[PDB]
Amino acid sequence: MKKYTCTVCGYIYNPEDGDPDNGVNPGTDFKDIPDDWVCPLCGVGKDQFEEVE
Ligand SMILES: [Hg+2]
(Lines give C-alpha, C1' and ligand atoms only; values in the text may rest on other atoms or scores of the structure.)
Protein backbone atom coordinates (compact mmCIF):
# COMPACT_ATOMS: atom_id res chain seq x y z
CA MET A 1 0.00 0.00 0.00
CA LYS A 2 1.19 3.48 -0.93
CA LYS A 3 1.75 6.48 1.35
CA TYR A 4 -0.16 9.69 0.52
CA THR A 5 0.88 13.22 1.30
CA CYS A 6 -1.15 16.29 2.07
CA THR A 7 -0.06 18.77 -0.59
CA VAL A 8 -1.05 21.71 1.62
CA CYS A 9 1.01 21.00 4.77
CA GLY A 10 3.24 17.99 4.07
CA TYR A 11 1.62 15.46 6.45
CA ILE A 12 2.18 11.85 5.32
CA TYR A 13 -0.56 9.27 5.65
CA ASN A 14 1.13 5.92 6.25
CA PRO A 15 -1.29 2.99 5.79
CA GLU A 16 0.75 0.87 8.27
CA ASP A 17 0.05 3.38 11.07
CA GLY A 18 -3.40 4.55 9.97
CA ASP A 19 -4.92 7.47 11.87
CA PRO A 20 -6.55 5.52 14.72
CA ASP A 21 -7.54 8.52 16.85
CA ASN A 22 -9.85 9.61 14.02
CA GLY A 23 -11.16 6.10 13.37
CA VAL A 24 -8.81 5.03 10.60
CA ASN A 25 -7.28 1.70 11.62
CA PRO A 26 -3.79 0.47 10.75
CA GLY A 27 -3.84 -1.27 7.38
CA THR A 28 -6.40 1.05 5.76
CA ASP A 29 -5.71 1.96 2.14
CA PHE A 30 -6.09 5.72 1.53
CA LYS A 31 -8.91 5.09 -0.99
CA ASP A 32 -10.94 3.29 1.71
CA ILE A 33 -10.67 6.05 4.30
CA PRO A 34 -14.18 7.52 4.72
CA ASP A 35 -14.45 10.49 2.38
CA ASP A 36 -15.29 12.97 5.16
CA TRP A 37 -11.88 12.43 6.80
CA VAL A 38 -9.56 15.42 6.95
CA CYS A 39 -5.86 15.87 7.48
CA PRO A 40 -5.13 15.47 11.23
CA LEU A 41 -2.62 18.34 11.11
CA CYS A 42 -4.22 21.13 9.01
CA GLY A 43 -7.79 19.94 8.47
CA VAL A 44 -8.03 20.01 4.65
CA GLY A 45 -9.96 17.24 2.85
CA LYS A 46 -8.82 14.09 1.06
CA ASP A 47 -8.93 15.85 -2.31
CA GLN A 48 -5.71 17.71 -1.46
CA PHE A 49 -3.69 14.51 -0.97
CA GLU A 50 -1.58 12.82 -3.62
CA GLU A 51 -0.02 9.41 -3.96
CA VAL A 52 3.66 9.21 -3.07
CA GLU A 53 5.10 7.03 -5.87
HG1 LIG B 1 -2.41 18.92 6.02
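Along the sequence shown, the residues carry numbers beginning at 1.
Cluster membership check: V52 does not share its hydrophobic cluster with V24, using side-chain heavy-atom separations under 4.5 Å among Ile, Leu, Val, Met, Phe, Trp and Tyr.
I33 contributes atom CD1, which lies 10.5 Å from atom CG of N25 (distance to the nearest 0.5 angstrom). Summarising the geometry, atom NZ belonging to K2 is positioned 12.0 Å from atom NZ belonging to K31; distances are rounded to the nearest 0.5 Å. For the atom pair NZ of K46 and CG of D36, the computed distance is 9.5 Å after rounding to the nearest 0.5 Å. With rounding to the nearest 0.5 Å, the separation of CH2 in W37 from CG in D32 is 13.0 Å.
Outside the 6.0 Å centre-distance limit, the rings of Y13 and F49 are not counted as a close aromatic pair.
Across all non-hydrogen atoms, the minimal contact from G10 to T5 is O-OG1, 3.7 Å. Closest approach of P26 to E16, counting heavy atoms only: CB-O, 3.5 Å. Scanning both residues, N22 and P40, for their nearest heavy atoms gives ND2-CB, 4.1 Å.
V44 is linked by a side-chain contact (heavy atoms from CB on, under 4.5 Å) to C6, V8, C39, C42, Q48, counting only residues two or more places apart in sequence or in another chain.
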